[PDB]
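*Asks:* Pasting a structure here, questions to come.
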Amino acid sequence: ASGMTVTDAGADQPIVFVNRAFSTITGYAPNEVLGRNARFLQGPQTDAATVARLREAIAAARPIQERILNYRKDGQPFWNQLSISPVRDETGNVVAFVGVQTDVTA
Amino acid sequence: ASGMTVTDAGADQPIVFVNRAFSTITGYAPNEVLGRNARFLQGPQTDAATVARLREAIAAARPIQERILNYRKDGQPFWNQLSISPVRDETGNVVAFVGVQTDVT
Ligand SMILES: Cc1cc2nc3c(=O)[nH]c(=O)nc-3n(C[C@H](O)[C@H](O)[C@H](O)COP(=O)(O)O)c2cc1C
Ligand SMILES: Cc1cc2nc3c(=O)[nH]c(=O)nc-3n(C[C@H](O)[C@H](O)[C@H](O)COP(=O)(O)O)c2cc1C
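These protein sequences, in sequence, are chains A and B. For what it's worth, my numbering labels the leading residue of the first sequence as 1, then goes sequentially. For what it's worth, my numbering labels the leading residue of the second sequence as 1001, then goes sequentially.
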């Protein structure tokens, strides 16, 4: 089952919702992630260039797919097949971002 | 500001998240809508053919936009410019639906 994260569009994209699978994958409870930028999932072995591509895509409200090394709450590394897309109204205003997170470590 | 509604993909698409604007537009608090299908927003004068188009789009996980007559908690009618899109993982599985609700009254 794939994780889903919803963030606000503006002001450093704080998490506003995660599904159950997000907790299964990351080991974080909703309480522990709400109001935070998802970048806490990253650590020392996370690829800087991949993070840069995410940063620029989100700034431009551009859909992006990346395979990124993330870390469970307990510090265990896992490979995150991450898909982020802006949510737009019909006037093109960005209302939110949605992230789909799949553990592809195996 | 535009409302946003997130539902589960399966089992009659219960609401799992709404943003602030959803409450401003509909007059419903999150606690009142969570776990419910969004069809409660429809009323007597809602166009049946529009509802049928939404029903078929969701069944096939197809993106759809409709202008649909909805009703606030207090019963006042409003025109809802509604856009629904499936949220998919990289293997095409539908993880959720996202609806954007703009009051165009
Ligand atoms: C909806 C959403 C979900 C995200 N999910 C993840 C994730 O699961 N793992 C991750 O490393 N980064 C994720 N990010 C990316 C970070 O929040 C951040 O945008 C990224 O690290 C680049 O920005 P920064 O250089 O300011 O940290 C997500 C971003 C958004 C908007
Ligand atoms: C994410 C999402 C948001 C929705 N938002 C609305 C809405 O704001 N107003 C509305 O009348 N129907 C909305 N619907 C549609 C109803 O939930 C339902 O799909 C529609 O009435 C057709 O199915 P039915 O014939 O089983 O009711 C939404 C559906 C989804 C999946």
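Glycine included, C-beta positions come from ideal geometry on N, C-alpha and C.
1) Name the residue from B/1053, B/1043, B/1038 and B/1010 whose alpha carbon lies nearest to the alpha carbon of residue 1022 of chain B.
2) Using DSSP's beta-bridge definition, name the partner residues of residue 78 of chain A.
3) Using 10 angstroms around the beta-carbon of residue 1031 of chain B, count the other beta-carbons present and answer buried if the total reaches 16, otherwise exposed.
4) Verify the contact flag: residue 68 of chain A, CB atom, against every heavy atom of ligand 1, threshold strictly below 8 Å.
5) In terms of residue numbering, what span does the beta strand (DSSP E) encompassing residue 1007 of chain B cover?
6) Per DSSP, residue 85 of chain A forms a beta bridge with which residues?
7) Should the stretch 1076–1084 of chain B be called in touch with the stretch 1097–1105 of chain B, which here means at least 3 C-beta pairs below 8 Å?
8) Which same chain residues end up closer than 7 Å to residue 1012 of chain B when comparing Cβ atoms and leaving out the 5 residues on each side of it in sequence?
9) Using 10 angstroms around the beta-carbon of residue 3 of chain A, count the other beta-carbons present and answer buried if the total reaches 16, otherwise exposed.
10) Leaving out five residues before and five after residue 57 of chain A in sequence, what residues of the same chain have Cβ atoms less than 8 Å from its Cβ?
11) Where does the unbroken alpha helix (DSSP H) through residue 1051 of chain B begin, and where does it stop?
*Replies:* Here's the rundown:
1) Against the second sequence, residue 1022 of chain B aligns to sequence position 22. The candidate whose alpha carbon is nearest that of residue 1022 of chain B is B/1038.
2) The residue you call residue 78 of chain A lines up with position 78 of the first sequence. DSSP, once it has assigned bridges, lists A/70 as partnering residue 78 of chain A.
3) Working through the second sequence from its first residue, we reach residue 1031 of chain B at position 31. So residue 1031 of chain B ends up on the exposed side.
4) Looking up residue 68 of chain A in the first sequence gives position 68. Yes - ligand 1 has a heavy atom lying nearer than 8 Å to the Cβ of residue 68 of chain A.
5) Counted from its first residue, the second sequence places residue 1007 of chain B at position 7. Its beta strand (DSSP E) spans residues 1003–1008.
6) Taking the first sequence and counting its residues from 1, the one referred to as residue 85 of chain A is at position 85. Paired residues: A/98.
7) yes
8) Counting from one through the second sequence, the residue named residue 1012 of chain B turns up at place 12. Cβ neighbours of residue 1012 of chain B beyond the five flanking positions: 1037.
9) One-based indexing of the first sequence puts residue 3 of chain A at position 3. Buried is the call here.
10) Walking along the first sequence from the start, residue 57 of chain A turns up at place 57. Excluding sequence neighbours, residue 57 of chain A sits near 63, 64 and 84.
11) Taking the second sequence and counting its residues from 1, one reaches residue 1051 of chain B at position 51. If you look at residue 1051 of chain B, you'll find it in the alpha helix (DSSP H) that goes 1048–1059.
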